[PDB]
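Undergrad: Residue numbers (the UniProt record's numbering): 3 to 174, 198 to 312, 352 to 801, 819 to 846, 886 to 907, 917 to 1021, 1023 to 1133, 1176 to 1252, 1322 to 1779, 1799 to 1875, 1989 to 2112, 2126 to 2146, 2148 to 2182, 2185 to 2220.
We treat Cβ as the ideally placed atom computed from N, Cα and C, and that holds for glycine.
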Ligand SMILES: *[C@@H]1O[C@H](CO)[C@@H](O[C@@H]2O[C@H](CO)[C@@H](O[C@@H]3O[C@H](CO[C@H]4O[C@H](CO)[C@@H](O)[C@H](O)[C@@H]4O)[C@@H](O)[C@H](O[C@H]4O[C@H](CO)[C@@H](O)[C@H](O)[C@@H]4O)[C@@H]3O)[C@H](O)[C@H]2NC(C)=O)[C@H](O)[C@H]1NC(C)=O
Ligand SMILES: *[C@@H]1O[C@H](CO)[C@@H](O[C@@H]2O[C@H](CO)[C@@H](O)[C@H](O)[C@H]2NC(C)=O)[C@H](O)[C@H]1NC(C)=O
Ligand SMILES: *[C@@H]1O[C@H](CO)[C@@H](O)[C@H](O)[C@H]1NC(C)=O
Ligand SMILES: *[C@@H]1O[C@H](CO)[C@@H](O)[C@H](O)[C@H]1NC(C)=O
Ligand SMILES: *[C@@H]1O[C@H](CO)[C@@H](O)[C@H](O)[C@H]1NC(C)=O
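#1: Would you mind sorting residue 445 into buried or exposed? The rule is 16 or more other CB atoms within 10 Å of its CB.
#2: Less than 8 Å between the CB atoms is what I'm expecting for residue 687 and residue 11, so what's the real figure, rounded?
#3: Please list the segments of the beta strand (DSSP E) lying wholly inside the segment 1638-1719, counting only runs of 3 or more residues, in order along the chain.
#4: Please return the same chain residues whose Cβ sits closer than 8 Å to the Cβ of residue 797, not counting the five positions on each side in sequence.
#5: Please classify residue 1223: does DSSP put it in a helix, a strand, or coil?
#6: Using the C-alpha atoms, what's the distance from residue 256 back to residue 160?
#7: Using the DSSP secondary-structure output, state which residues sit across from residue 1085 in a beta bridge.
#8: Rounded to whole angstroms, what is the Cα-Cα separation between residue 630 and residue 73?
#9: Would you check whether ligand 2 has a heavy atom nearer than 7 Å to the C-beta of residue 383?
#10: May I have all residues whose beta carbon comes closer than 6 Å to any heavy atom of ligand 5, sorted in chain order?
#11: For residue 370, which of helix, strand or coil comes out of DSSP?
#12: Can you give me the start and stop residues for the beta strand (DSSP E) that residue 1203 sits inside?
#13: Count the other CB atoms within 10 Å of the CB of residue 1058; is the residue buried (16 or more) or exposed (fewer)?
#14: Using the beta-carbon count (16 or more within 10 Å), is residue 71 buried or exposed?
#15: The beta strand (DSSP E) with residue 1103 in it runs from where to where?
#16: If you draw a straight line from the alpha carbon of residue 384 to that of residue 520, how long is it in whole angstroms?
#17: Measure from the alpha carbon of residue 1125 to the alpha carbon of each residue in 1195, 1191, 1482, 1109, then state which is nearest.
#18: Does the distance from the C-beta atom of residue 946 to that of residue 927 stay below 8 Å?
#19: Are the segment 1860-1873 and the segment 2027-2040 touching, with three or more C-beta to C-beta distances below 8 Å?
#20: Listed in chain order, which residues are found with a beta carbon closer than 6 Å to a heavy atom of ligand 1?
#21: Rounded to whole angstroms, how far is the Cβ of residue 2072 from the Cβ of residue 2106, which I believe are closer than 8 Å?
#22: Can you tell me the Cα-Cα spacing of residue 1076 and residue 1001, whole angstroms?
#23: Can you tell me which of the three DSSP states residue 102 falls into?
#24: Taking the C-alpha atoms as reference points, what is the distance between residue 1766 and residue 1249?
#25: What does residue 2159 pair with, by DSSP beta-bridge criteria?
#26: Which of helix, strand or coil does DSSP assign to residue 433?
#27: If you check the beta carbons only, do residue 2168 and residue 2176 fall under 8 Å apart?
#28: Would you mind working out which of 2109, 2201, 576 sits nearest residue 2091, comparing C-alpha positions?
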């Protein structure tokens, strides 16, 4: 069986090897598509992010400064890549390195020190004691004061204009110089040098006075003289020493000024990142017109956009409020207390202004400052004070301190400048700048509003002012004195731009990454919502309970474990089949086209005839079409593995999966192919069928409702879902490198089911001659039983013809001869071999040739003949020799390699019948060969048949008469399934033949009675059988031939041929055909309405016809409506959300860090009592919540695996501080989405307790940062391997704790210190000192944290932050209440509900809605441009030799025909138009009761035909292919349908008709939407639905198609009957056909039927009148076509080939009707191929044509044997030298005598009849075919 399959695959591949265009594109398309895919992939490189930790935020509950820093420091969430110390369980503040906090702590230290410092009082009492004992110590540079008992040189000396010394008589040029020198040298130790210098130029007389100053000792030795003041001086030294140590131990103000100087001091001062680095180091560690000007500059400042967006609303925004209930007035009080806690800086400018002169004069002129300066520099101070300062801290120096302590002027500037004066400049400048900046903040942001409508109006009014902060709206009952209803409910209404969208609560589809973009997702921490939430909760708790703050709250994001952004890979691997199988769509279309093409010309059936079963053909198609699929899959695997697209999977498994999918899809192709019967129809519809087969996978990918065995239910029945599921498994296991085995099994089962379905569809869709025993019997059929009984025998070399009526068999008989259907209880001896006993050996030697030619197109003759010889089953040399021998004599040695498609039809038939004889088949059966063949080639095919008749048993079953007679030597006639007669032609004629016929011809002018009487005189048996123009025919019986008068009458007619008016004569033998029959204007309007009456019938009768013209658009608009009713409006941002967990399944965790049970224990208890984890209060408030408080109150640990020893040895080499496990971080070349924990990071299962829809994990002392990162992956990987499409595991928890108490004593001491300070140091009760001191006290009080909780919120959940903040604040309030009856009653809820959108936002959402409705528009335009496809395809249907030309012969005025067609097109278009108007008029989309929708949509839809249908007509003029425009027109309409350019598109689409329709519809829809949204809440504008913008342009563009219709009519104008092909509409009936043609003829309607019912009776067809035309046979169709010409009876008629392979006993009425038409008196014209029609109907005359152009007489004679043949030959050769033996066989021969004179031949044969024993003899003339063969 191998050679059969080999040759079968050979021809299968040669169908494609000879095309060179389909195979090339088939190979190129997948390569090009996947190269484009790879280019797209490489255009999007994967993004990799490290495992990054997030800095913790702060909130006003903690303190103003921490969250101010959080706003300014970390507004980007920079992903520190390592655990921030804030994320540690214990330490939270994260702000040691912040020097601003250091400055504030130093200020607090200074306040607490000055609370208990008495240095100033010591100075005052020292000065008082000095004044009341010494009374004179004002010893400045000029003069020295000393008024006492003169303990140490008590005297005075003044540096004045003259030398004055009150110790003696100074007596003074020299005096002034000495005084000036002393004043210049007035220093601690310069007095002695000045005295020495003076004494150098003076005498010792002034020396004695110089002796007095020596005891002065620069006012140092004097203090030692008084013992009472010594203790006070020592106390002063100690006090100033410790004060200086404290002042120099801050090291913060100096560091900040040093760091701020150099940025604006360099000459270049170029802008760079240095300023940002310095600012960050100041705020964190290493890792009116002026106000507008500064804000604009900050906005334009680089790297400041995010901080500006975070800050601007904070300090410029304003809030709103509710009816001013006194309790809510207290809420204002608390909130604006919290806000004014930051407002300390407003009064610092006033403090500077009020105390600058005082502090200036105090340290410049007061005696206390002078005493301090004097004590700061002394020998005793050098010994004691300097040593104390040096040992206290690393201060600058004692001399350095004395420099900037209390000077009088600038000493030197060139050397070094460091003085108190420059610092005082800089402090003044800094406070001026601070005041200028702080005058930009509107801290008066409390605006009560009573009504909600005015509330919202003022909200938009402030928003348009570019300043709007959040807005709080309570739900108070009445303005009553009762504070709160114990359950607080409010909505924080804030604008859209600053609050996250409230439409969706989750991310939607799962997406890797922490989702922590600083600007795009932090909208709850930079938009300020969460700050308002926390502040309002703190104020409410203060109102209801009384505790001051007792709580701080921090925000911390959930750390994320080193993801990777491979979104493209995931999204493509979720949908690889689409763009991978586009190429396979092309391939399956090609395969189905090939299969239906070979099914068209019935190649499969003929192949089955030659002895092959359908199974081998199916297997060959399988292999030959799988091989290209296999190579395509190999190329795909190569481009995937080497393309860096799907690594981590072996090429072998993907190749195997692709091969399996190819097998399944090829079996699906085989299934879907056998249901179709047209080539291009199948080729076009294969892609649509595959789309319909594939879409359910896309539908089911999202529903995920088919987890169970229903998945197998839709997998076995449907192929692409299983492959998509295997693709899903590949995507899941792609990174970490139901199951694939299940997918493979489902694919195999689906393939088997498809094969079974394909097999089922294929399976369900007297007269007897004496037989000479000398000649061998080749086919001896005896006892044939069929459900008919007959028997017949055939000879080895005898030609045989089989005749009948096509109804009594001859399709069962040849089928029995072949393998179509075995006989029932019968047998047939073929070459002595039984067909039932032998079913193999008989097939290879059985030739056959059916009606349809077997010719593989795109192939030459050599491959056809070689393939057939191979299929017959011979060797190589044998088939080569047979091929050469057949080619030598067939007549194909010229066209050795010519294309069979280029061969003529007659040559094609000759080649087919030649193929029927190749291989030396001993038996061959033909079946009406040479039907549509050239008459010239008839003789060539006859020559081939007579040459191949040497022992071959040729069988003919033809409907032709002449061929069966002249060729066939024995024929059989069968009646009603019974063999009526059989025998040779002459023998059968001998007893059942009609009388001999003789024909005479004329030149009207010849008497007929004269010749009739003359002939009747000689013989009385002559009878006239016919009388037609210029012709005459007489018949004489064979019985009593009367040879005497016979030859005599020939003698007179030869002698008197020219004597009478006759011209010549002829002989026509009794034709076998009759033997076979015997044995077995008002007219214009009438035509216009006639066309419409014609066309209404197609719609009225085609119930099962092309009804998809209505159903399909309706369904395709239904699907568009369903799609539009599901998509989100995009304008429903407002919503009414609560803030519970609001999540399906989750559980949090509580970490009681620092278990010192100070105040944290109470808060923890409040989280685990009867009130519960949420906001419930003895009732279920959240309607999703459904409390269902079921769960044990005792902690239960989850079961543990056998890894307890692993935990035991984790303590070794991994301490308590780290508890990690190694993680598989992505490599440089190797990567994955999870990170795999080899063991279990955070292995010990934390304690569990189920309370309410959650089981909180009581963590304690665990490394939470590591534990969360580990367990998150440890759970997500497990929940993703099964691919449940799982959401995030945990959405957030929180860790408690207590801040370190290393700071200064609590605010209870700071406030008392402030109170003690203010009453001292010139206490004032003004509006500046009191307010500033109170603000400073509040600022100090607002910087402590006795405890602080930290909310570990997961940012993936959009509303997690606010919800968890609300939960913890509820816990805080429940814990703070004292001696309450029950904490379950209380609780707080905080709705989020944004404002209404503004003008720009409303316009944007309207545009988005338009973008969404684009798809609805494209679907509608698809349906409305798809509807005219039916009209156009019917136009081509009637155009292809059916009605166009045929109506063109009839007077129809072609101008009005197209107008009538257009009128019908409009009249039919309304129904789909009305249905598509009604389809969405029941709903409330795109149309309403308003007059702004219906007039502009219904009219547009109705009149769209006016534009679409005229343009379709020119697309059908030159279109020589039927029923394929239905696809190409739809495709081109789709391709058409799918700021200068936008403005010019109005004129660009003005001449166009299709594209503008959808655009204008969208303009109308968007205009209506914009009008409704604007008029809902804004001013009124005139709707423009029917205005000149879109509607008038649409009307003009559509109405411009009248020109297109006129152009189509002009193109049509520019370019009896019966054509060769039948011209009948395939669904109407013949009765209505003749009615239509009669009505077009001109007969009035009152008598059209009487005419039609006449014409049908002229052609019979009583049983086929009012029936379906498509069920008619060829004979009935030809009969109807012939009647179509004779319906009106034109004076001249044209008829073409009346008989085309039609059954007998029916065509006789055809000749009768033709003769009736001829004899009625109307001239006719006829042309055909069969000369029988011409000689039977056509009347130079045929007899005259065959007389001179034709050959001579032809005689046949039979003698009873072989030896008797020689005497006949000798006698006829001697008597007649001119004779030709054309045919000769044993016992019968043919002679051709080219002599016109015939009388002597009859005389010779009659004279000596007895001697040579003549029994049967007859003479005839050459047929009309002979003369045309000669010509
Ligand atoms: C819970 O578990 C997690 C596990 O991830 C712990 O996280 C670790 O935290 C420590 C510090 O808290 C991290 O240590 C840091 O390592 C960085 C890089 O270390 C590599 O490079 C150094 C130098 O070449 C090598 O010696 C070392 O072996 C590594 O190869 C450094 O940037 C850090 O040092 C810098 O910062 C500190 C602090 O500012 C300075 O004092 C240093 O001088 C230096 O400038 C630091 O040492 C560690 O990488 C984190 N991961 C792991 C796996 O250990 C959490 O700490 C733990 N929870 C708690 C509360 O501790
Ligand atoms: C902002 O939007 C809300 C809700 O869409 C409007 O609230 C309306 O209030 C009035 C009177 O109660 C009623 O029309 C409805 O109850 C609410 N909805 C609508 C759609 O009207 C509110 O009027 C809007 N504010 C502005 C200024 O337009
Ligand atoms: C700051 O440093 C001190 C060490 O003196 C430490 O006790 C304290 O916890 C640190 N605070 C923060 C917030 O890191
Ligand atoms: C809020 O208004 C002003 C501005 O901050 C402030 O002085 C006042 O004290 C605050 N409100 C109350 C009720 O104290
Ligand atoms: C700034 O203060 C210094 C202090 O010595 C002084 O010299 C200078 O004049 C001051 N400048 C102004 C503009 O007041």
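TA: Concretely, from the data shown:
#1: Answer is buried; the Cβ neighbour count reaches 16.
#2: About 6 Å; that satisfies the 8 Å criterion.
#3: Segments of the beta strand (DSSP E) lying fully in the segment 1638-1719: there are none.
#4: Within the same chain, residue 797 has close Cβ partners 712, 713.
#5: DSSP, reduced to helix, strand and coil, places residue 1223 within a helical segment of the structure shown.
#6: Put simply, the backbone Cα of residue 160 is about 31 Å away from that of residue 256.
#7: The partner list for residue 1085 (beta bridge, DSSP) reads 929, 1055.
#8: Taking the Cα positions, residue 630 is about 33 Å away from residue 73.
#9: Remark: the C-beta of residue 383 is outside contact range of ligand 2, defined as less than 7 Å to any heavy atom.
#10: Listed by chain position, these are 485, 486, 489.
#11: For residue 370, the three-state secondary structure derived from DSSP is helix.
#12: Residue range 1203-1208 is occupied by the beta strand (DSSP E) that includes residue 1203.
#13: Looking at its Cβ environment, which holds 16 or more other Cβ atoms inside 10 Å, residue 1058 is buried.
#14: The residue in question, residue 71, is buried, as its Cβ has 16 or more Cβ neighbours within 10 Å.
#15: Taken as a continuous stretch (DSSP letters only), the beta strand (DSSP E) holding residue 1103 covers 1100-1105.
#16: Spanning the two alpha carbons is a distance of roughly 9 Å.
#17: That would be 1195, whose Cα lies nearest to the Cα of residue 1125.
#18: Contact flag unset, no.
#19: Touching, no, given that fewer than three Cβ pairs across the two stretches are closer than 8 Å.
#20: Going by the Cβ distance cut-off, the answer is 84, 85, 90, 1458, 1459, 1461, 1504, 1506, 1507.
#21: Here residue 2072 really is in contact with residue 2106; their C-beta atoms are around 6 Å apart, less than 8 Å.
#22: Whole-angstrom Cα-Cα distance: 23 Å.
#23: Reduced to three states, the DSSP call for residue 102 is helix.
#24: Distance from the CA of residue 1766 to the CA of residue 1249, rounded to the nearest whole angstrom, comes to 48 Å.
#25: Residue 2159 is not bridged to any residue.
#26: Residue state for residue 433 is assigned as helix, using DSSP reduced to three classes.
#27: In terms of Cβ geometry, residue 2168 and residue 2176 form a close pair [threshold 8 Å].
#28: Taking the Cα of residue 2091 as reference, the smallest distance to any Cα among 2109, 2201, 576 is reached at 2109.
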